[PDB]
Amino acid sequence: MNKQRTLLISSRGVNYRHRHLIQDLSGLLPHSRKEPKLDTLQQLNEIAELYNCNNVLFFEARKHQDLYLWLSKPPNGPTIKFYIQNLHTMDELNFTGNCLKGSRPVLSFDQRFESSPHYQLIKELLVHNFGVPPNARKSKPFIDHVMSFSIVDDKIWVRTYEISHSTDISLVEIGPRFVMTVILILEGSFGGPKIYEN
Amino acid sequence: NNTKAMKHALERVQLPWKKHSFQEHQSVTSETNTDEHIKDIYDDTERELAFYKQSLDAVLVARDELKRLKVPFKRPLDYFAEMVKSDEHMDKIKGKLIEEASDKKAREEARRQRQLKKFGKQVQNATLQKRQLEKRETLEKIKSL
Amino acid sequence: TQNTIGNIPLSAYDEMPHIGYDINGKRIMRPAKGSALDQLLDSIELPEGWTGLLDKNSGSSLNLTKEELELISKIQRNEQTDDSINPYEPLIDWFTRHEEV
Numbered sequence: 028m029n030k031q032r033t034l035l036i037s038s039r040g041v042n043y044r045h046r047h048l049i050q051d052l053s054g055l056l057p058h059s060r061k062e063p064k065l066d067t071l072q073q074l075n076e077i078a079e080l081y082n083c084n085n086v087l088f089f090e091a092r093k094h095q096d097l098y099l100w101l102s103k104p105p106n107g108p109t110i111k112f113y114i115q116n117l118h119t120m121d122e123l124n125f126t127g128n129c130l131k132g133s134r135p136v137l138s139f140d141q142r143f144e145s146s147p148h149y150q151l152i153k154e155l156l157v158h159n160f161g162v163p164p165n166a167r168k169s170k171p172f173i174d175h176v177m178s179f180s181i182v183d184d185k186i187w188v189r190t191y192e193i194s195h196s197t209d210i211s212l213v214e215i216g217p218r219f220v221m222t223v224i225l226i227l228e229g230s231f232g233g234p235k236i237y238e239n
Numbered sequence: 196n197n198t199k200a201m202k203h204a205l206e207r208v209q210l211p212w213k214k215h216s217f218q219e220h221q222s223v224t225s226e227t228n229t230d231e232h233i234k235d236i237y238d239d240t241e242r243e244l245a246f247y248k249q250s251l252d253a254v255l256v257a258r259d260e261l262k263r264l265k266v267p268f269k270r271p272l273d274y275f276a277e278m279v280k281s282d283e284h285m286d287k288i289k290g291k292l293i294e295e296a297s298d299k300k301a302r303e304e305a306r307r308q309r310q311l312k313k314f315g316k317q318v319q320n321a322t323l324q325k326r327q328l329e330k331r332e333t334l335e336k337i338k339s340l
Numbered sequence: 153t154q155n156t157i158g159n160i161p162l163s164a165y166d167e168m169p170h171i172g173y174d175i176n177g178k179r180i181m182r183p184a185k186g187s188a189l190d191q192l193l194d195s196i197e198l199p200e201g202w203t204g205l206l207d208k209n210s211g212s213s214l215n216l217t218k219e220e221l222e223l224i225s226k227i228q229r230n231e232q233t234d235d236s237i238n239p240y241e242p243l244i245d246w247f248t249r250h251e252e253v
């Protein structure tokens, strides 16, 4: 039933840490397409159309310190800008991860997601944007890793954990972890009136 | 910030998850928990435990729901695929763990070999004295008859 | 894909009678249960489609079809690839039709 695709685009200036973050995100998401670069903003919707892609993720960066992320439905959907400050790359040896590439993810949303219409909107966006379709081309059958999302102090925290068993289950933190704020929401894809502003 | 705009956006974006099996959704909303019970988020320790509990609740919910369905949950370990972390990364992490274990062993040896060297003469003297005392006790017991 | 396995070496699954698990998680039983005579014949006189590397969906060599080999040969010696197109189309002078004033 559910079918979705994601487009990955990074502007010039993405440092090696952010590049590794994008690369491991593209590995966790099997329905993802990568593009070389972007220069200037509405052109992004055309790129998704060229691949019949239903979603697009743009990693903006004014300077090479602060990562920014845009999540939107290219055709006519709204877009949300995230001012990510904390960032941990997949290349950290503190986390041991044997997660299968592109396996089905399990989401975890707290009650704050339902506390406001825009919280529900971002929750749905994450659900369908990060939720791999069951019949995705590059997906995998078994479930081995889960995704955790918790929002406190007006910002959403992202965590990922691998599952484990014994001879009744246990999990260990894996993948990148960061904090994302809500900056601006637009009615249309990279355009339209500014509905919400912090 | 009128709620009408995002409400209309949801009207078009929201899918009929309730009308389809949970497998299509593959998302667990950990509602009933406001996440306000986290003790001193700034401590950097209780926040991790709170996130762990919130993720474990969703893990249990997903395990129950997928056990309701026929989709396998446990990985048989007989299926080999491209792990997210390459074998090189796993080898490097194992090497780091082995280095930590070697450091612990080195500390243990550093806290034992010096004492053994210091007490070596004392240990030898004590052993010799104990052996001589045992010999004398045996000889006296034999002569006691 | 049909196999769900990535770019991992095929050394694994040699002892098992299957090659990974396809979508939805069911065993892909190995169908390449050939005979020694067939293997020897395909070893001396290699099939025209022989390519060495094995297929992700089975242990049999991922032999290429003759049509693919024809296209490969055409590309490899500067032949035409997109057939049915005339390489000598007349120059339709679209701009010369108009005249300046």
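Protein chains in written order, with PDB author numbering: chain A, 28 to 67, 71 to 197, 209 to 239; chain J, 196 to 340; chain m, 153 to 253. Think of the CB as a built atom: it goes at the ideal place given N, C-alpha and C, for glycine as much as any other residue.
The C-alpha of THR119 of chain A lies about 16 Å from the C-alpha of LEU56 of chain A. The beta carbon of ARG218 of chain A sits closer than 8 Å to the beta carbons of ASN116, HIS118, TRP187, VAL188, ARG189 and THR190 from its chain, once the five residues preceding and following it are set aside; these are given in chain order. Nearest CB-CB separation between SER297 of chain J and chain A: not below the 9 Å threshold. For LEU80 of chain A, the enclosing alpha helix (DSSP H) has its first and last residue at 73 to 80. What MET221 of chain A touches in chain J, judged by beta-carbon distance under 7 Å, is nothing: the nearest beta carbon there is about 14 Å away.
Annotation: Cβ neighbours of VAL176 of chain A in chain J (cutoff 8 Å, chain order): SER250, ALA253, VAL254 and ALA257.
The bridge partners DSSP lists for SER138 of chain A are J:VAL223. Beta bridge pairing from DSSP links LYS61 of chain A with A:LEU35.
Going by beta carbons, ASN128 of chain A and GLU214 of chain A fall outside the 9 Å limit. In the structure shown, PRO234 of chain A adopts extended strand secondary structure according to DSSP, grouped into three states. By alpha-carbon distance to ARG258 of chain J, the top candidate from J:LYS269, J:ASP238 and J:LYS291 is J:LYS269.
With fewer than 16 other Cβ atoms inside 10 Å of its own Cβ, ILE244 of chain m counts as exposed. If you check each beta-carbon in the segment 162 to 192 of chain m against every beta-carbon of chain A, the ones closer than 7 Å belong to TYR173, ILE175, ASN176 and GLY177. When C-beta distances to chain A are compared with 9 Å, the residues of the segment 222 to 236 of chain J below that value are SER222, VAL223, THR224, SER225, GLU226, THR227, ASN228, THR229, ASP230, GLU231, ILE233 and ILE236, in chain order. Counted as a single uninterrupted DSSP element, the alpha helix (DSSP H) harbouring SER297 of chain J occupies residues 282 to 305.
DSSP places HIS175 of chain A in the uninterrupted beta strand (DSSP E) bounded by 175 to 182. Closest in alpha carbon position to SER38 of chain A, among A:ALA78, A:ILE226 and A:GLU90, is A:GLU90. The beta carbons of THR222 of chain A and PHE112 of chain A sit about 6 Å from each other, so the pair counts as a contact at 8 Å. For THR229 of chain J, the closest alpha carbon among the candidates J:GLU295, J:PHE246 and J:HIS284 is that of J:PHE246. Neighbours of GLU219 of chain J in chain A, taken as residues at a C-beta separation under 7 Å, are given in chain order as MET28, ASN29 and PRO164. Straight across, the Cα-Cα distance linking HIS170 of chain m with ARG182 of chain m is about 5 Å. Residues of chain m whose Cβ lies closer than 9 Å to the Cβ of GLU260 of chain J do not exist; the shortest such Cβ separation is about 16 Å. Take the alpha-carbon of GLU220 of chain m and the one of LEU206 of chain m: they are about 17 Å apart. Around the beta carbon of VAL176 of chain A, 16 or more other beta carbons sit within 10 angstroms, so the residue counts as buried. At least one CB atom of chain m sits nearer than 9 Å to the CB of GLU277 of chain J. A Cβ-Cβ separation of about 19 Å leaves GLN150 of chain A out of contact with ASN84 of chain A under the 8 Å criterion. Interface criterion not met: the Cβ of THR240 of chain J is under 9 Å from no Cβ in chain A.
Apart from sequence neighbours up to five positions away, the residues of its chain that approach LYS153 of chain A with a beta-carbon distance below 6 Å are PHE139 and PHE143, ordered along the chain. Taking all protein chains shown into account, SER59 of chain A has 16 or more neighbouring C-beta atoms within 10 Å of its C-beta and is therefore buried.
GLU222 of chain m and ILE237 of chain m have their C-alpha atoms spaced approximately 18 Å apart. Here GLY216 of chain A is buried: its Cβ has 16 or more other Cβ atoms, across all protein chains shown, within 10 Å. Nearest C-alpha to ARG46 of chain A among A:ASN75, A:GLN95 and A:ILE77: A:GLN95. The three-state secondary structure of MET201 of chain J, taken from DSSP, is helix. Annotation: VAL162 of chain A to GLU241 of chain m spans about 48 Å, alpha carbon to alpha carbon.
If you look at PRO147 of chain A, you'll find it in the alpha helix (DSSP H) that goes 147 to 160. Between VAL279 of chain J and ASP51 of chain A, the gap from beta carbon to beta carbon is short of 9 Å.
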